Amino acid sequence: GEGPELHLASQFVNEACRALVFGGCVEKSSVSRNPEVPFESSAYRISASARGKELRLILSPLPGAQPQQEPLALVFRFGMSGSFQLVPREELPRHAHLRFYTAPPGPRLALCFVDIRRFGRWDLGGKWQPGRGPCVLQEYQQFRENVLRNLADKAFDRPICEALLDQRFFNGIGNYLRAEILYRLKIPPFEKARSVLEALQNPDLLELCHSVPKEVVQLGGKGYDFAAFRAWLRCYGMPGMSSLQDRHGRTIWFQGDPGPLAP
């Protein structure tokens, strides 16, 4: 559920739906507590884009589609297990909680938001979440400036391994990326975030917040194969690696000294 996976899911949606025409209503599973999507069109296309840990999906009526209406945008958050799949209409995956159906005359497929653990959410409207920082993958320069010009914010009092999960400043970084990034630099997880980032402005911490997830995207791995990602990892859950619980109870994997603020 991290940046690279949201970004590959956007790629997948755009490639799978490039020729497809969808029709009818947007079908939510009965168990899902997310909002019904009030969009219905006789002929519409689906496109996507990702920003940090959010994915914007746009449902665009084709010319002359009925009823006459503007496009509708939704924003998804994947939680721990969210994903998109394109399947035959009659072979729906289990836990397909939101479904878009191709219209005739093509082979009848379904584009599904699949979410086993049901932690993901979707909203109506295209707005990104207002507090989130810029995307480490696609807004690198804005993201770098938003960290550095704000180092006096209380957020950077926390250990660097906890600050990397703060989506106001590291939108797209999650639990495996913070392990892999700190591991490249041999920076102890529980050194203070402000102290680590002041010692700055050999790629540095903020550069690696971009280049490391970019590597995952280049694998096509964690994609929307699973072994090429398992071999790419150097720290997260790897043998020989230490691990501690941060203050919110998430496991930080690291090697060597845990740092001064370790619990």
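Numbers for residues come from their place in the sequence shown, where the first is 1.
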Q: Enter the number of deposited residues without atomic coordinates between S211 and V212, binned as none, 1 to 3, 4 to 9, or 10 or more.
A: none
Q: Pick one of none, 1 to 3, 4 to 9 or 10 or more for the number of deposited-sequence residues not modelled between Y224 and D225.
A: 4 to 9
Q.
If you take the mean CA temperature factor per stretch, which one wins between 171 to 179 and 116 to 124?
A. 116 to 124
Q.
Quick check on the record: does 106 to 114 or 145 to 153 carry the larger mean Cα temperature factor?
A. 106 to 114
(Q) Using only the C-alpha B-factors in the record, can you name which of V87, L137, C161, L74 has the highest? (A) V87
Q) When you compare the CA B-factors of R230, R56, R45, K53 as listed in the entry, which one comes out on top? A) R230
Q | Third of the chain, ranked by Cα B-factor, where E191 sits | A | middle
Q. With respect to C-alpha B-factor, does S41 fall in the lowest, middle or highest third of the chain as deposited?
A. lowest
**Q.** Modelled-residue ranking by C-alpha temperature factor, third containing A19
**A.** highest
Q) Is the Cα B-factor recorded for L165 in the lowest, middle or highest third of its chain? A) lowest
Q.
Is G1 in the lowest, middle or highest third of its chain when residues are ranked by C-alpha B-factor?
A. middle
